[PDB]
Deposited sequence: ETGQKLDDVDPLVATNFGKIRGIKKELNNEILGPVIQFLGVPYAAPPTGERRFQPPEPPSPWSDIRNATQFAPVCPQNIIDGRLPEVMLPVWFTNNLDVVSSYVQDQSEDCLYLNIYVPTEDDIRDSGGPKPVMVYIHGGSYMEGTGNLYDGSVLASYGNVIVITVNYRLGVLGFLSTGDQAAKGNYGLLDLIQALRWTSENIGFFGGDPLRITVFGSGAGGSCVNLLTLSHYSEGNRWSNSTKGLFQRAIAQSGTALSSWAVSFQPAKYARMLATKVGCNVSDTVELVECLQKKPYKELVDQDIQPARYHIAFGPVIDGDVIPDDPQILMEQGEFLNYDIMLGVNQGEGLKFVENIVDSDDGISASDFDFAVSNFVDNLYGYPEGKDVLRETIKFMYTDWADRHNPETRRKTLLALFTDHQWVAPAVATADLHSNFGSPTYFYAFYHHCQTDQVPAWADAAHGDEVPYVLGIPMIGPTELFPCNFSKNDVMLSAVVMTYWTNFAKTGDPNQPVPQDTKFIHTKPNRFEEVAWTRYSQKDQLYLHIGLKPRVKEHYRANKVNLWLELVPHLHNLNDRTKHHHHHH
């Protein structure tokens, strides 16, 4: 049997055969505590280390996930499509909940310590679990250790009063704790604590980026030369600079919740103490909605974990030199457009104007809006066929995609390479059409996930039920190789050459069935939001 001794006790994993000939087996350690349960007085408090246990602890089944409610209005626009498309399956992964949810899962392959890829999930900061992301194939195919983590979500993980009463960022601190646990225990599993790659998609991608800006991710016990906890980062369709990356009005929504559950909101210490006497179910189940493209509960600017606005930090180059790799998908903004399209696959010029105008209002309140609505309306029309209704959606979809994902990604990519971090950029332009998605839709938000995890190798799963072709399998194998090569050496080419990114040339890898390296991804539309729109104010 597979036994492993850790600094808190011995644990037993479980061997797992994969449904493919090319793939060797993996031992998976499910439900490994990396922190003390954040219950009672430790709610709204930094994570403490886990209690040691005397005997052998079985790590063979998922632990209950962190409190969340996806069955009872959720922001489809932030959430991956494969998530919202089959919530029924996703729900079975989230049924068993508990405030005691700080657990991570290890996937170990089968003559030196292996790289460790720690996955950080995330949709809107409100929900999800690392359990959804099976790390078996990636570990086996890549010959690396893969870890998935569960961190505090929503209220419990990010509620803040704007005071020392509740400073917030408990979720990010949990991630820090999981990374420290990993740093100081993964070696016992045959992992290399000095080649740890952190990677995540969506809000998970945001979390990855936010950590690189935090001084809590500085320093590791093993090396005086390498002062990072983790050494590399991959942020997939997520950044720290988007409108919904961090919560800017945390005290507002903390008051709201406290009110809704009947707690006095005058004194902040009294407010917090009251919330702590209430079930997590009651706090989670309250209806708290922010602005359309903003969040209520998430990462906050506390002057500690996150010392300042991520924008300012990046500009001042306030981050350790990590090997970075970030990118976006062709059509992230599917769910922004999906409700608008009619029986034929197009949107009228009428609906177009409404959508673009409301977009301007939500993200750019008039101080001057008139000018802006026209500049954008112009920029996101293809005059080649200005009356085509099928082309109007593709470009409207591009508006959301560019502003919410692409421009933030490029800005991030630019500033990292600018300050000396080996940066790599990509554009994911393939996917596997499900019977739940339109036939005209391209690579949407989160569609790159199943390729990174190697799902096509195993074939359709309950979570990813698409009929993966042979092209899907090959593309997946290519992706996993880039990722894992990057994990092994900080170079996606060293275990089509993926060239290093730089602000001048802005070379990136266009990922498709025919992967090529291009240059200046959508710079025309990008520089609009980074150079023009700001100067108009």
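Against the full deposited sequence, the model leaves out several stretches, namely 1 to 9, 82, 121 to 127, 385, 514 to 530, 573 to 585.
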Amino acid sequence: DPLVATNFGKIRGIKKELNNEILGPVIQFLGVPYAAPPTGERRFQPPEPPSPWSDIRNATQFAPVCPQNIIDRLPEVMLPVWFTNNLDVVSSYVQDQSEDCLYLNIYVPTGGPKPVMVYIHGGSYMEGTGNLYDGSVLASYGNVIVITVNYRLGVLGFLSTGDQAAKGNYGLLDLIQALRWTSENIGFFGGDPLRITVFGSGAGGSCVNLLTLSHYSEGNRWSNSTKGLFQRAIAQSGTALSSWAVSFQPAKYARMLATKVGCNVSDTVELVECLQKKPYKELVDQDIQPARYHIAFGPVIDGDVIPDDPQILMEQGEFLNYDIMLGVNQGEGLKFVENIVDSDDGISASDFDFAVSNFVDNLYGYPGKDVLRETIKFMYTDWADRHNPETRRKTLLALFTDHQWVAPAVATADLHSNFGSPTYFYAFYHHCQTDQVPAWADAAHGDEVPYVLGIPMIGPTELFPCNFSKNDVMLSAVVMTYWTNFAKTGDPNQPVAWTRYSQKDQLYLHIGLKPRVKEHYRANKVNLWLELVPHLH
From here on, numbers count along this sequence of modelled residues.
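Taking only CA atoms, the mean B-factor in the PDB entry is higher for 54 to 62 than for the other of 54 to 62 and 32 to 40.
Mean CA temperature factor is higher for 338 to 346 when stretches 338 to 346 and 232 to 240 are set side by side in the entry.
For the set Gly171, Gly191, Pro290, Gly333, the maximum C-alpha B-factor listed in the entry falls on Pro290. Residue-level inspection of the entry shows that, of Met379, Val410, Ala178, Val208, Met379 has the top Cα B-factor. In the deposited entry, the Cα temperature factor of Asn224 places it in the highest third of its chain's modelled residues. When the CA B factors of the chain's modelled residues are split into thirds, the value for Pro515 lands in the highest one. Residue-level temperature factors show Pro495 in the highest third of its chain, judged at the C-alpha atom. Ranked by C-alpha B-factor against the other modelled residues of its chain, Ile312 falls in the middle third. Among the modelled residues of the chain, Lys277 sits in the middle third by CA temperature factor in this PDB entry.
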